[PDB]
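This report refers to the structure that appears directly beneath it.
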Amino acid sequence: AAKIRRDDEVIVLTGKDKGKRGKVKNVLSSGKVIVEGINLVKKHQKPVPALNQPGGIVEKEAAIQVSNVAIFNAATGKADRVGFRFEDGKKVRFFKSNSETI
Amino acid sequence: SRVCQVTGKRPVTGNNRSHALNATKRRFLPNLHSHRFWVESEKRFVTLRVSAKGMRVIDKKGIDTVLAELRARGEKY
Amino acid sequence: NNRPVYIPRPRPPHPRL
Amino acid sequence: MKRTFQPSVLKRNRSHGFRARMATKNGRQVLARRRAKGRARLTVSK
Amino acid sequence: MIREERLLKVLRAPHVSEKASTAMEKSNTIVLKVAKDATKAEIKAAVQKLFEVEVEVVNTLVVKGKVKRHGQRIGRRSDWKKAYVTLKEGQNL
Amino acid sequence: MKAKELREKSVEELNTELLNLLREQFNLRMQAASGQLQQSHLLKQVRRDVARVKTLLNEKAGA
RNA sequence: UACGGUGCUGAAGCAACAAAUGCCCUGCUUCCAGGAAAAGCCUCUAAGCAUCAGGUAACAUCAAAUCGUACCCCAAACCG
RNA sequence: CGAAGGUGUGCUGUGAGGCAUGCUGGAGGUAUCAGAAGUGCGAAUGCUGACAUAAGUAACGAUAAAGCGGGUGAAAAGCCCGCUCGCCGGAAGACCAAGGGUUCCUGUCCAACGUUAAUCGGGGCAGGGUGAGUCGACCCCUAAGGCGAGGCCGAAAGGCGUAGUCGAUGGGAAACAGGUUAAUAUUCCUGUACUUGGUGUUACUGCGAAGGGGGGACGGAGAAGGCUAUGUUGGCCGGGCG
RNA sequence: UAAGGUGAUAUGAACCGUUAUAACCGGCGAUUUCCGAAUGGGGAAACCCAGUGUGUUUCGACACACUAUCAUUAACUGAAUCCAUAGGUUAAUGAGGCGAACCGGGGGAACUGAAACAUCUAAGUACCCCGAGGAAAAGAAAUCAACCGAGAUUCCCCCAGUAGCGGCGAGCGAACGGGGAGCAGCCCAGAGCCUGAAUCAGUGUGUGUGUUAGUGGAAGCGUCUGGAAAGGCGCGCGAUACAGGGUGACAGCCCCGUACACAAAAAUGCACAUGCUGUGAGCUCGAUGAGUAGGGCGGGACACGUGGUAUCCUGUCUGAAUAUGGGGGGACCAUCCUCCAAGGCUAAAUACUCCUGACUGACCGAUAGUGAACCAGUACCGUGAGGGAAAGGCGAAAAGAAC
């Protein structure tokens with residue numbers, strides 16, 4: 001019963017990048033999600049003599065709180081809450097404000 | 001142990017008041033004696049550790065009755 | 001930071017008697 | 001200087017070992033007190 | 001009968017070291033790790049079946065674990081047993 | 001696979017238990033020790049399989 | 001010779017004397033203070049078994065498991 | 001567009017105090033009127049932590065002793081190699097038990113540890129290292145002594161003890177020489193031996209115990225004889241004549 | 001339940017799963033090494049060494065199970081003497097040990113107070129030992145009262161620091177009675193008549209509810225400051241949900257939740273209905289607890305210390321009546337009143353919290369609070385019993401500083 005899932009179109013509600021849309025890549029058990037292209041962090045990658053020698057500065061994605069993002073409605077062009085309803089015995093997600101199935 | 005096998009008498013602690021009322025812990029022991037009672041049911045003698053009072057109740061009540069009561073109590077003679 | 005455990009017996013004093 | 005403590009594994013076990021403690025009731029009480037306090041080393045042993 | 005799978009469990013791994021290599025090339029002996037108990041009879045039988053080889057004798061020893069100092073915590077390595085299995089003139093591995 | 005061998009007889013299920021231990025269990029352990037076992041998940045999979053087969057033997061045999 | 005060592009070869013290898021606190025000696029000779037126990041071992045029988053079993057001798061074969069085994073040990077490693 | 005706290009300054013009250021504001025700080029604070037207290041510290045040879053003092057002072061742990069060259073290194077009185085000097089040599093040498101429990105060996109590191117420096121170490125990190133029919137333990141037997149079926153005794157706990165069963169500081173079967181690893185060997189290798197049991201075969205035979213006997217099985221001191229370990233000398237072999 | 005997972009310090013490697021047999025949570029099973037009551041024997045705990053009975057590739061050697069003691073019962077055997085008994089073997093059932101307090105019983109201090117100290121107090125306290133339960137113990141009048149009456153026991157508030165006891169010192173200190181909590185009475189010592197005759201206990205089925213996983217769960221945007229708003233300003237919405245926690249500063253409307261409404265294949269608690277098994281109504285007549293009551297001597301408990309000291313209990317020595325009889329009513333006697341000992345069982349009102357859940361705090365906020373907010377009863381100290389610390393905080397996010 002998680003509102004945010006593996007493949008979801010979400011929009012940032014708060015933070016330095018509020019309002020930019022994106023797709024969630026993965027969700028952490030600590031109530032955090034990773035969405036590509038918004039929370040860029042410049043990590044100084046220490047060089048290693050192993051098979052991989054990227055070194056330099058890497059542009060990674062930093063996880064953000066689940067509550068900081070909402071599913072994009074994609075029809076009203078604004079963030080909307082999502083709830084659960086039982087249909088033919090299968091639990092599904094649905095928007096609000098003219099709620100329609102995903 | 002100094003326990004009568006008939007009446008169950010056991011040593012009981014107590015004080016010994018002196019002339020000046022001073023108190024010291026003493027112990028009253030039962031007058032136990034090892035006696036050999038003849039029982040016709042087994043046609044033999046059975047040795048018991050009994051007190052003076054115990055020997056009186058055996059003398060009055062039947063020896064068999066005392067043994068039967070003793071067996072019920074679960075003590076082995 | 002343990003406080004000294006064994007304190008030796010004081011040296012016997014000069015007899016002022 | 002012969003100090004008081006002259007180690008000997010055999011004597012140590014036969015004096016304060018688990019089997020020595022359990023032989024008599026007082027030692028059994030000692031083990032019970034150690035368990036209640038939750039000491040890692042219940043007794044002395046290799 | 002459970003002797004079978006017991007023989008499949010007494011061997012644990014082979015030991016690799018310059019002494020192990022020297023023993024193999026000179027005395028035709030292979031040193032390998034075995035189970036904690038791993039009595040000589042079980043080791044000999046296991047080597048016979050699994051490696052289909054012939055062994056002159058097996059002599060074992062117990063290696064006590066080392067006390068290692070990780071971070072702020074102390075710990076002891078697990079003990080293990082190694083066996084010097086001696087092969088006859090004919091050997092495979 | 002858990003119910004695939006639940007309908008097997010004791011003899012045949014005892015045999016596959018024998019094969020699981022002889023192959024893919026002893027050989028894997030040697031490879032891991034020697035360092036040529038690139039993929040380690042096999043050891044986990046085979047060990048669970050041996051346990052799954054073994055419990056069925058006890059569940060079937062006797063009680 | 002990675003110059004630490006490695007490999008190859010290899011003569012004579014006897015006699016005399018001295019000599020123990022060590023061995024013969026759990027001996028021997030003396031003295032009073034009179035100087036462990038049990039098993040292995042050897043031997044004789046009871047019950048019982050004696051066409052057996054069992055024992056003896058010879059030969060062959062197999063087994064001898066398990067744990068300790070590093071290092072210090074009159075000391076920088078044990079007790080202070 | 002900056003709370004508590006911290007650090008200054010300026011005002012104000014008879015005092016304990018209060019108010020305002022600069023800097024630091026970073027998110028809590030609290031008027032007024034009441035209520036409740038772990039309600040106020042300078043002392044108790046007070047308790048805990050931190051930091052001074054003496055003071056860069058005493059000391060640097062046997063008066064067996066060092067010197068020089070070379071090497072490695074950022075750096076060498078202290079490490080490695082070599083040449084000398086000195087010390088122990090019934091020990092300050094070489095092997096064990098007890099007790100430690102990896103301190104063993106190799107690579108690497110020098111912050112801390114070493115009463116100095118440190119490339120060094122019994123220091124840190126990683127890897128390696130302990131091979132037994134014969135050695136020891138385990139095992140068979142027992143001493144002192146322990147425990148102790150029943151049992152005897154004791155308010156309870158428990159005490160004593162028989163049959164038994166434990167308990168080596170004792171008794172009981174068997175291996176030596178040589179070689180090899182950076183680190184183990186009487187354990188590995190080579191050579192040559194020995195002991196106790198199980199099974200089978202062959203030839204003979206009466207076997208058979210917690211039972212009997214023998215043996216095991218024993219003190220102190222002293223003396224002599226016969227030997228060996230071992231040492232010295234000669235011969236022999238090899239080298240040298242400086 | 002599920003699109004995410006392979007516990008944490010703690011990244012990685014190699015993999016699983018995504019519409020359902022990944023993972024996770026609950027019920028019921030399986031596995032459950034060795035030590036430990038330890039139970040085959042022994043033992044320096046986590047070790048050593050056996051017997052017996054069942055099954056097996058080289059005799060080789062293995063696998064499984066059993067084998068402690070004590071108590072009761074049964075069977076089979078069997079001494080000193082025929083019989084017999086003790087004894088021995090076998091089988092079945094139970095017990096054993098641990099655990100914070102509470103509970104009952106068996107033992108039982110001293111310090112201290114009295115301004116000394118011995119009777120006394122401290123105190124039937126600390127402590128030791130035994131036993132049992134979820135409570136235990138106590139308990140259906142041989143009781144109180146007063147010649148009016150009350151009707152088992154236990155607990156709370158009064159009576160009441162009263163009457164009394166007391167080197168009449170220090171101190172101890174009730175009862176009667178009144179007001180409440182909670183209520184329940186029965187059986188054996190015996191025969192007959194009538195015979196599942198109620199009430200219970202041990203087990204099934206069905207019903208209700210609870211517990212062990214859970215599910216849905218309403219309603220906000222725009223601007224200003226700022227690193228970031230949940231804040232300021234403006235206008236809205238839900239509420240049987242503004243209890244809480246998290247979210248880049250303070251959120252009813254961002255998330256988890258809460259109010260509220262629902263859900264259990266399986267395993268179980270409780271309350272009912274309905275079966276089986278076992279023990280058992282009711283009526284008549286009779287009986288109605290002897291080494292006991294009581295007494296002498298010595299002690300104890302009773303508020304009551306031997307005092308004029310009743311009452312209960314006991315070590316010791318004695319010893320009735322039995323219902324026309326006996327006990328008590330605070331020395332004792334008489335008259336009256338009351339009750340029927342020496343055989344037992346009994347729920348509730350009360351006591352405690354090792355452990356689990358929920359909630360609360362004019363309780364603490366790291367020298368506080370448990371000794372321990374950090375893998376603490378750890379390091380460390382001691383032969384041992386035992387003693388026993390110090391140590392919390394980067395940031396919203398490691399973005400933990402490439403070069």
Side-chain angles (χ1 to χ4, degrees), chain A residues 1-3 5-6 13-16 26-27 31 41-47 55-57 60 62-68 70 81 83-86 90, chain B residues 1-2 9-17 20-23 25-31 42-44 52-53 56-57 60-61, chain C residues 1-2 5, chain D residues 1-10 12-20 22-23 25 30 32 37-40 43-45, chain E residues 1-3 17-19 22-23 26-27 29 39-41 59-64 66-67 69 73 83-84, chain F residues 1-3 38-41 44 54-55 58-59:
Chain A
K3 321 294 202 74
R5 299 176 67 88
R6 179 66 178 86
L13 282 72
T14 61
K16 86 193 80 61
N26 67 101
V27 309
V41 295
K42 320 192 189 67
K43 164 157 181 66
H44 316 88
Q45 183 62 255
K46 188 79 174 179
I57 310 304
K60 288 169 70 170
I64 55 169
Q65 298 284 325
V66 168
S67 72
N68 278 339
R81 296 193 304 290
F84 304 99
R85 60 183 179 204
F86 280 93
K90 299 289 287 189
Chain B
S1 180
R2 295 200 188 82
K9 288 183 174 284
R10 67 180 65 252
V12 297
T13 61
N15 283 330
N16 53 4
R17 296 291 185 269
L21 277 296
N22 279 135
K25 300 289 286 194
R26 64 163 288 166
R27 202 172 63 159
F28 307 93
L29 305 181
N31 187 6
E42 293 82 3
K43 298 296 289 183
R44 71 194 180 78
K53 200 184 215 70
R56 268 142 64 80
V57 296
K60 184 165 78 170
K61 322 177 74 181
Chain C
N1 288 356
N2 192 359
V5 178
Chain D
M1 294 296 172
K2 185 183 286 185
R3 295 277 154 258
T4 67
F5 176 46
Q6 299 300 336
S8 177
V9 182
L10 185 71
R12 184 176 177 87
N13 297 354
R14 294 179 66 188
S15 296
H16 325 282
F18 191 82
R19 301 211 80 256
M22 287 276 279
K25 67 182 290 294
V30 167
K37 206 178 187 179
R39 312 207 72 152
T43 187
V44 305
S45 290
Chain E
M1 185 270 303
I2 58 165
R3 183 188 297 111
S17 47
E18 65 183 1
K19 186 183 191 178
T22 308
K26 186 180 289 293
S27 66
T29 62
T39 64
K40 281 167 194 183
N59 44 0
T60 62
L61 66 91
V62 180
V63 183
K64 281 74 175 171
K66 291 181 187 178
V67 165
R69 192 66 178 80
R73 214 165 305 290
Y84 293 71
Chain F
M1 53 91 81
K2 56 184 206 185
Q38 318 306 0
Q39 50 189 0
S40 297
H41 68 282
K44 182 62 65 68
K54 190 168 282 283
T55 184
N58 189 358
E59 190 277 331

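So that the names make sense, note that chain A is the first sequence line, chain B the second, and so on, each numbered from 1.
Within 4.0 Å of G15(A), counting heavy atoms only, lies at least one base atom of the nucleic acid.
Judged by the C1'-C2'-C3'-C4' torsion, which is positive here, the sugar of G231(I) sits on the north, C3'-endo side. North is the pucker class for the sugar of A397(I), given a positive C1'-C2'-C3'-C4' value.
With both hydrogen-bonding distances under 3.5 Å required, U268(I) and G55(I) do not qualify as a Watson-Crick or G-U wobble pair. Between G190(I) and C285(I), both key atom distances fall under 3.5 Å, giving a Watson-Crick or G-U wobble pair. Nucleotide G158(H) is annotated as unpaired relative to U56(I) [Watson-Crick or G-U wobble, both distances under 3.5 Å]. By the Watson-Crick or G-U wobble test, with both distances required under 3.5 Å, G206(H) and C49(G) count as a base pair. Between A63(I) and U54(I), both key atom distances fall under 3.5 Å, giving a Watson-Crick or G-U wobble pair. The base of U39(H) does not engage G206(I) as a Watson-Crick or G-U wobble partner with both distances under 3.5 Å. A canonical Watson-Crick pair (purine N1 to pyrimidine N3 plus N6-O4 or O6-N4) or a G-U wobble (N1-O2 and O6-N3), each contact under 3.5 Å, is absent between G238(I) and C67(G).
Comparing the P positions of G149(I) and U338(I) gives a spacing of 10 Å, expressed to the nearest Å.
Summarising the geometry of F28(B) relative to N15(B), their closest heavy-atom pair is CZ-O, 4.4 Å, with the distance given to 0.1 Å.
In this step of the strand, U63(H) does not stack on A64(H), since the centres of their six-membered base rings are not under 5.5 Å apart with ring planes meeting at under 30°.
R19(D) contributes no side-chain N or O that forms a donor-acceptor pair with the base of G42(I) under 3.5 Å.
Both stacking criteria are satisfied for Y84(E) over the base of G131(H): a centre-to-centre distance under 5.5 angstrom and an angle between ring planes under 30 degrees.
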Worksheet item: side chain to side chain contact (heavy atoms under 4.5 Å, CB included) between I57(A) and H44(A): does it pass, once the steps are laid out?
Response: CA-CA 5 Å; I57(A) 310 304; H44(A) 316 88; 3.3 Å; yes
